[PDB]
Structure formats: structure tokens, C-alpha cells
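> Attaching a single structure in C-alpha cells format; questions to follow.
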Amino acid sequence: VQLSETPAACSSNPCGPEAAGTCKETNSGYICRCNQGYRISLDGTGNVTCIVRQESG
């Protein structure tokens, strides 16, 4: 959620763009909900990010 200056957690674009996946601040910090055609991936450092599944599935 975009607070004002830094959205916090979503401030680094965890799931990338909105079209890729939406981020929600949770107990653990944040989670990523990828849209139809995208998937969850840990990008090397274990960060929860959203990547393309292929195109639209």
C-alpha cells in the first residue's frame, strides 16, 4: 500500500509492476499475488518477486 513517500515493502516493487503481481503487506512483511500469466519466483536472494509465466499463461 502506497503510504506517501515510501509505500513500505512495496517500496522496492517486490512483485515488479501491478500488471505482473500485486503486493500486500503481511505479518512477514509483504506477499505477492501474480496475475493470470505471471508466477512467483525468488530472485536469487530469496526476495519474493513476480515473473512472467510465459505470456498470458
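So for chain A, numbering is Swiss-Prot's, and the shown residues are 91-147, in order.
Yeah, the Cβs are placed from backbone N, Cα and C, and that goes for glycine too.
From Swiss-Prot, here are the annotated features:
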- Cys100-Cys113: disulfide bond (DISULFID)
- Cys105-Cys122: disulfide bond (DISULFID)
- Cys124-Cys140: disulfide bond (DISULFID)
- 96-134: domain 'EGF-like 2' (DOMAIN)
> Which ones are near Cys124 (disulfide bond): of the disulfide-bonded residues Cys100, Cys105, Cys113, which have a Cα within 10 Å?
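If one measures from the Cα of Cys124 (disulfide bond), the disulfide-bonded residues that come within 10 Å are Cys105, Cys113.
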> Under a criterion of Cβ-Cβ distance under 8 Å and sequence separation of at least 6, what residues of the same chain contact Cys105 (disulfide bond)?
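Those within reach of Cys105 (disulfide bond), by Cβ under 8 Å and sequence separation of 6 or more, are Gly111, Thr112, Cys113, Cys122, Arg123, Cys124, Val138, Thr139, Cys140.
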> Counting every protein chain present, what is the number of Cβ atoms, excluding its own, within 10 Å of the Cβ of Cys100 (disulfide bond)?
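So the Cβ neighbour count for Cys100 (disulfide bond) comes to 19.
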> Any idea what DSSP makes of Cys122 (disulfide bond), helix, strand or coil?
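The three-state answer is strand.
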> Please report the three-state DSSP label of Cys100 (disulfide bond).
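In three-state terms, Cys100 (disulfide bond) counts as helix.
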> Quick one: among the disulfide-bonded residues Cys113, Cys122, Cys124, which has the most Cβ atoms sitting within 10 Å of its own Cβ?
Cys113
> Using DSSP with the three-state reduction, classify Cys105 (disulfide bond) as helix, strand or coil.
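Note: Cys105 (disulfide bond) is coil by DSSP, not helix or strand.
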